[PDB]
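2 protein chains.
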Amino acid sequence: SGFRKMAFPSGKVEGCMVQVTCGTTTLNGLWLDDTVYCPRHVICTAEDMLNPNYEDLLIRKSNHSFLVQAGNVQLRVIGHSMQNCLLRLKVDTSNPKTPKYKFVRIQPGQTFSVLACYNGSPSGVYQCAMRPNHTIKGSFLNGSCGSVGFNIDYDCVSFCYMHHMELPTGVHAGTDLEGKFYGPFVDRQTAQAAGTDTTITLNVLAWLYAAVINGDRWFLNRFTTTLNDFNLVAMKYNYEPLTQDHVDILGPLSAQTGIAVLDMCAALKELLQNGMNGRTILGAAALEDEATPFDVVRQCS
Amino acid sequence: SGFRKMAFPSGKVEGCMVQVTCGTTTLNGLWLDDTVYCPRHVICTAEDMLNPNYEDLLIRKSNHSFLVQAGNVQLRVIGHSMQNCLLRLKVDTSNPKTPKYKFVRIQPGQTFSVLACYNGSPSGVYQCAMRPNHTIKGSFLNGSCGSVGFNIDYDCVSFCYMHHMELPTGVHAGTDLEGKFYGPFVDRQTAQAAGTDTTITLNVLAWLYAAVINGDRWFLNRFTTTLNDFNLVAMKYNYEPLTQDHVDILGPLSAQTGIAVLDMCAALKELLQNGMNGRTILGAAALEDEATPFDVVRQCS
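If you read the sequences in order, they're chains A and A'. A prime marks a further copy of an entry chain. According to the deposited numbering, the first sequence is numbered sequentially starting from 1. According to the deposited numbering, the second sequence is numbered sequentially starting from 1.
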């Protein structure tokens, strides 16, 4: 069988999605327990965004400037505060659907599912990876702000992303659930631009092991290599350096297939140096880097 | 923004997933209202599968040979019948989570989301397309049988696939929710093999329009072509013939981008004849064919 980049089932999260309107600005928020979290820029107008000041904009606001609707049944807000780039809106009702959850900050390379929402209304679910340049390559249209990203850990939903904006290149940027941005982005409309990305070596290797485990084994190779030698190649092809840690993470996968990590590197080096020859690995004409070792293992014994 | 192949939010469907055990065989079933549907081969043993007879195997069965568990809380079955390759197990309890739903038979080329499940326990969600050869290219491991496929139509869940088996090539096969297989497959373990696939022209074209709408416009072209001429190319590259109907479906997309359908065909012909030159459309090194015109439109105005 294998391998599809799947997202987690979005049910536990759909139930925590609500809408938040501040005058003329509408976007999604996350309703957990008695609190609703959302991007602080729901306070701004397209004017405000050309360099806003949120301390200013928010002191001019009361708990009744915010309309919150869990479905049709509106909630009443009874507090508010500003946690970095987020708004914590205390509210009268506790969310019944509130699942076991926590907030984690996700590292670059790691993946999560995104629940695209509009007006508090889940539209679609997909999986992506936090880019090295701290952006995600997503599909977000207007009013998608406040859509969240998450993994699931048994019964417990770990929230790790909330959507704030689109960058000029069409790639997306956001924050963890404490309102700290990923990357050097600020929630102001300036000339900020994505730093230059790099391909996630660790993930590409894990994917190659997903292929091997699935009979697409043609790219294989008798050669080996030292990580120093491979890393010179990586450099020329804008791949992240491989480290001993990356090698260790990949231990279990090389075990179950019996192909040493350094052998797959040898093989990858050739794929990079020699190209692919319109051949396909797992039905792909290019090396996939949005699947982690843990994603592959969970889906391939 | 755009474009990601997203699946629908799997919440409405997670709640209808239950486990079904028949002696030593376990797999997933669909609990809607007072009925639970599941693959009929839950009746068989790896022995039985080398050419089984289900009329036989099922008359030797009673309503208490089937253990059904909605979570922990077990259901009691109080009927049973065989609808083509499916089992309809009447049960004492009606599913509270039962959403507005219906059963549709999906056409080749069209797409849907899959909720991969094991022991009545949703594992991941993804989107795929019904292949021309009537298989889906999925990720299904043992005990995933009974996992269903569906689209959502406002509030109403249209079910269209239920998983039955893996074919020798690692591609998957199943039935609609009336138990009729897609394709010439039977639920017996024989030498049956996937017919030869073909690339879904209509979908590749819709994808190119998704690219255009997103500034990856480099593959464009001043030439045009007649569908006859294009179809000779399609033939040589194992793409489905383009028909006037396909052209019509693509009308809205060519409108909103202003590029005539036959112009994109001209452009595609070149992509096929000249290759891609390691350049990327929407960040892909090969032409994607699992996104329909309707998928693209829903995600790109």
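Heads up, the beta-carbon is just placed ideally off N, CA and C, and yes, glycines get one too.
Min CB distance residue i to chain A below 8 Å
i, result
"A'/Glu240", "no"
"A'/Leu32", "no"
"A'/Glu290", "no"
"A'/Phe8", "yes"
"A'/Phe159", "no"
"A'/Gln74", "no"
"A'/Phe3", "yes"
"A'/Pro122", "yes"
"A'/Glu55", "no"
Same chain, Cβ closer than 7 Å to residue i, neighbours up to 5 away in sequence not counted
i, result
"A/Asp197", "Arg131, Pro132, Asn133"
"A'/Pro168", "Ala193"
"A/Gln299", "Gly2, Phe3"
"A'/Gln189", "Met49, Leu50"
"A'/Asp155", "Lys100"
"A/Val104", "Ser158, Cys160"
"A/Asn119", "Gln19, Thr26, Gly143"
"A/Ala46", "none"
Minimum Cβ-Cβ distance from residue i to chain A' less than 8 Å
i, result
"A/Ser139", "yes"
"A/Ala116", "yes"
"A/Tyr126", "yes"
"residue 316 of chain A", "Any property of residue 316 of chain A remains undetermined from this structure, which presents chain A solely from 1 to 301."
"A/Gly258", "no"
"A/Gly11", "yes"
Residues near residue i by beta carbon distance below 6 Å, same chain, minus five either side
i, result
"A/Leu220", "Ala267"
"A'/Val212", "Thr257"
"A/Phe8", "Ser113, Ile152"
"A/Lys12", "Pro99, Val157"
"A'/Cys265", "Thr225, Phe230"
"A/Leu227", "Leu242"
"A/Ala260", "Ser254"
"A'/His246", "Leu202"
Candidates the options: closest to residue i by CA position
i, options, result
"A'/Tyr126", "A'/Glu47, A'/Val36, A'/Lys5", "A'/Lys5"
"A'/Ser65", "A'/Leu87, A'/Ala46, A'/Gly71, A'/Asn53", "A'/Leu87"
"A/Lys180", "A/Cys85, A/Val73, A/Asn214", "A/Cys85"
"A/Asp187", "A/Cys22, A/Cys44, A/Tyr37, A/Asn28", "A/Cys44"
"A'/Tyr37", "A'/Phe294, A'/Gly283, A'/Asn95, A'/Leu50", "A'/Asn95"
"A/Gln69", "A/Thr21, A/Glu14, A/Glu166", "A/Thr21"
"A'/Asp33", "A'/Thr26, A'/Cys16, A'/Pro39", "A'/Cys16"
"A/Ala210", "A/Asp248, A/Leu287, A/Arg60, A/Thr199", "A/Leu287"
"A/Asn72", "A/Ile106, A/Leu58, A/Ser121, A/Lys102", "A/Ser121"
"A'/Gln273", "A'/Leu58, A'/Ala234, A'/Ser81, A'/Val204", "A'/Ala234"
"A'/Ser301", "A/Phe140, A/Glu14, A/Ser10, A/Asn28", "A/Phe140"
"A'/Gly138", "A'/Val171, A'/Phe150, A'/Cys117", "A'/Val171"
"A'/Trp207", "A'/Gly174, A'/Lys102, A'/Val297, A'/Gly195", "A'/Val297"
Contact set for residue i: own chain, Cβ-Cβ below 8 Å, skip 5 residues either direction
i, result
"A/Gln110", "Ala129, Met130, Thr292"
"A/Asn231", "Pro241, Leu242"
"A/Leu75", "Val18, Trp31, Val36, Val68, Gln69, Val91, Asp92, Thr93"
"A'/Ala285", "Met276, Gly278"
"A'/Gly79", "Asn63, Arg88, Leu89, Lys90, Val91"
Proximal chain A' residues relative to residue i, where beta-carbon distance stays under 9 Å
i, result
"A/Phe150", "Within 9 Å Cβ-Cβ: nothing; A/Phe150 doesn't reach chain A', min ~13 Å."
Where residue i meets chain A', residues with beta-carbon distance less than 7 Å
i, result
"A/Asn214", "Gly170"
"A/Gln299", "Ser139"
Contact list for residue i against chain A, beta-carbon separation under 9 Å
i, result
"A'/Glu166", "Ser1"
Amino acids of chain A, ordered along the chain, whose beta-carbon sits closer than 8 Å to that of residue i
i, result
"A'/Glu14", "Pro9, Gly11"
C-beta neighbour in chain C for residue i, strict 8 Å
i, result
"A/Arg76", "In the structure shown, chain C cannot be found, because the protein chains are A and A'."
What residues in the segment 267 to 287 of chain A' bring their beta carbon closer than 9 Å to a beta carbon of chain A?
Residues of the segment 267 to 287 of chain A' that bring their beta carbon within less than 9 Å of a beta carbon in chain A comprise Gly275, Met276, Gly278, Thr280, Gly283, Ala284, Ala285, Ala286, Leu287, in sequence order.
Taking beta-carbon pairs under 7 Å, can you tell me which members of the segment 178 to 212 of chain A' lie near chain A?
Shown here is that no member of the segment 178 to 212 of chain A' has a Cβ falling below 7 Å from a Cβ of chain A.
Determine which residues of the segment 241 to 253 of chain A have a Cβ less than 8 Å from any Cβ of chain A', and write them out in chain order.
Hits within the stretch: zero.
For the segment 81 to 92 of chain A, enumerate the residues whose C-beta is nearer than 9 Å to any C-beta of chain A', in chain order.
Of all residues in the segment 81 to 92 of chain A, none has a Cβ within less than 9 Å of some Cβ in chain A'.
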